[PDB]
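Report on one structure; see the data block that follows.
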Amino acid sequence: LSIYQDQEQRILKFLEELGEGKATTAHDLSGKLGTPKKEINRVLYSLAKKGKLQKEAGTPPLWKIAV
Amino acid sequence: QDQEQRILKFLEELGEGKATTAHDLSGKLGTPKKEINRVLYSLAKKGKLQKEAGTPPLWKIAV
DNA sequence: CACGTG
DNA sequence: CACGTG
């Protein structure tokens, strides 16, 4: 229940309530949560390393829950 | 654009054929590498500097 | 314009 | 690992 974990949870929750295969950008996420895109991306890539999220390469990249 | 100037001088004040890096310029100038580069790429497009190498890039006055 | 970078 | 980016 740390502040960083709360942030990770906020992002994971946002993406989970997105839908089946729907993805979103770091830009959108940053805007909805009121957090700078840099911090968001730092968390998104980190969570992808942990396997919880999948990055769909592109410009910009799209993010969603893994598998 | 005083910032641009300061960087511009420092660079012309460099040895004949010696090229430097944004990282080095940051330490040698006590300025964030973000602004350094912002200037470096601008001066390069403006033809006042030249960039070579790749990872990272090396900067020296243009001839 | 992708950029997350410690 | 480059990264300059508003």
Side-chain angles (χ1 to χ4, degrees):
Chain A
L1 43 37
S2 73
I3 280 169
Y4 179 70
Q5 278 166 295
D6 286 339
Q7 181 179 61
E8 288 182 291
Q9 278 309 109
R10 224 188 150 197
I11 291 162
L12 283 174
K13 179 186 178 67
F14 185 97
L15 294 166
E16 297 172 355
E17 317 201 319
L18 208 18
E20 162 51 358
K22 289 58 184 180
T24 197
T25 67
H27 179 66
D28 171 46
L29 221 25
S30 157
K32 292 296 186 184
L33 304 182
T35 298
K37 184 166 65 69
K38 178 221 250 289
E39 281 181 54
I40 296 295
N41 264 325
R42 202 183 318 151
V43 176
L44 289 176
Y45 280 82
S46 176
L47 284 170
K49 279 298 188 180
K50 294 175 192 172
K52 296 172 186 165
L53 306 182
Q54 175 61 233
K55 168 183 157 177
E56 306 199 312
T59 277
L62 278 283
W63 301 84
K64 67 173 180 172
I65 303 298
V67 311
Chain B
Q1 294 195 188
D2 92 77
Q3 290 269 293
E4 185 189 63
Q5 177 55 50
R6 172 179 168 178
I7 301 179
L8 240 181
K9 202 185 75 175
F10 179 98
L11 288 167
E12 41 201 38
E13 213 139 296
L14 285 179
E16 332 304 290
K18 312 175 185 61
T20 173
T21 59
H23 186 291
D24 274 329
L25 256 34
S26 185
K28 273 260 187 173
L29 297 186
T31 301
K33 190 172 58 66
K34 206 184 197 298
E35 300 166 59
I36 294 299
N37 272 314
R38 165 61 102 57
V39 169
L40 294 181
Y41 282 83
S42 183
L43 289 169
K45 203 166 184 178
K46 290 183 179 182
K48 296 182 189 182
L49 292 177
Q50 65 168 179
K51 182 185 67 288
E52 192 132 282
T55 284
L58 275 166
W59 310 80
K60 65 145 61 76
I61 299 288
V63 299

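To find a chain, count down the sequence lines: A is the first, B the second, and so on, and within it residues start at 1. Computation of the quantities below employed the complete heavy-atom set of this structure, encompassing side-chain atoms and omitting hydrogens, waters and symmetry-equivalent molecules.
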Would you say CZ of B/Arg38 has more than 12 non-hydrogen atoms from neighbouring residues, nucleotides or ligands within 6.0 angstrom?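 Counting neighbours around CZ of B/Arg38, 12 or fewer heavy atoms of other residues, nucleotides or ligands fall under 6.0 Å, so no.
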Looking at residues at least two apart in the chain, or sitting in another chain, which of them share a side chain to side chain contact (heavy atoms under 4.5 Å, CB included) with [X]?
X       : value
B/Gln1  : B/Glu4, B/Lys46
B/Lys34 : none
B/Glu12 : B/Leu8, B/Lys9, B/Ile61
A/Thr59 : none

Any ring-ring contact (aromatic ring centres under 6.0 Å, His included) pairs touching residues 1-49 of chain A, not counting sequence neighbours? A/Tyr45-A/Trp63
If you group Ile, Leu, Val, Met, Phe, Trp and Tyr whenever their side-chain heavy atoms sit less than 4.5 Å apart, what else falls in with B/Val63? none
What residue pairs, at least two apart or across chains, pass salt bridge (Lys or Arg N to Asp or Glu O under 4.0 Å) with a residue in residues 55-67 of chain A?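 Matches after skipping sequence neighbours: A/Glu56-A/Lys64.
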Name all pairs fulfilling the salt bridge (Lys or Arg N to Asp or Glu O under 4.0 Å) condition that reach into residues 20-36 of chain A, sequence neighbours left out, sorted by first residue then second.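 Matches after skipping sequence neighbours: none remain.
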Partner residues of B/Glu35 under the side-chain hydrogen bond (donor to acceptor under 3.5 Å, both in side chains) criterion, sequence neighbours left out: none
Give me the residues of residues 8-16 of chain A where at least one heavy atom lies under 4.0 Å from an atom of DNA chain C, by number, or none. none
Under 4.0 Å from any atom of DNA chain C, heavy atoms only: list the residues of residues 26-47 of chain B that qualify, in numerical order.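 Heavy-atom cutoff 4.0 Å gives no residues at all.
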Could you list by number each residue of residues 50-57 of chain B showing a heavy-atom separation from DNA chain D of less than 4.0 Å, or answer none if no residue does?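 Heavy-atom contacts with DNA chain D come from B/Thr55, B/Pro56, B/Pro57.
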Separation of D/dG4 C1' from B/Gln3 CD (nearest whole Å): 15 Å
Could you tell me the separation between the NE2 atom of B/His23 and the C1' atom of D/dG4, rounded to a whole number of Å?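 Atom NE2 in B/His23 sits about 16 Å away from atom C1' in D/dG4.
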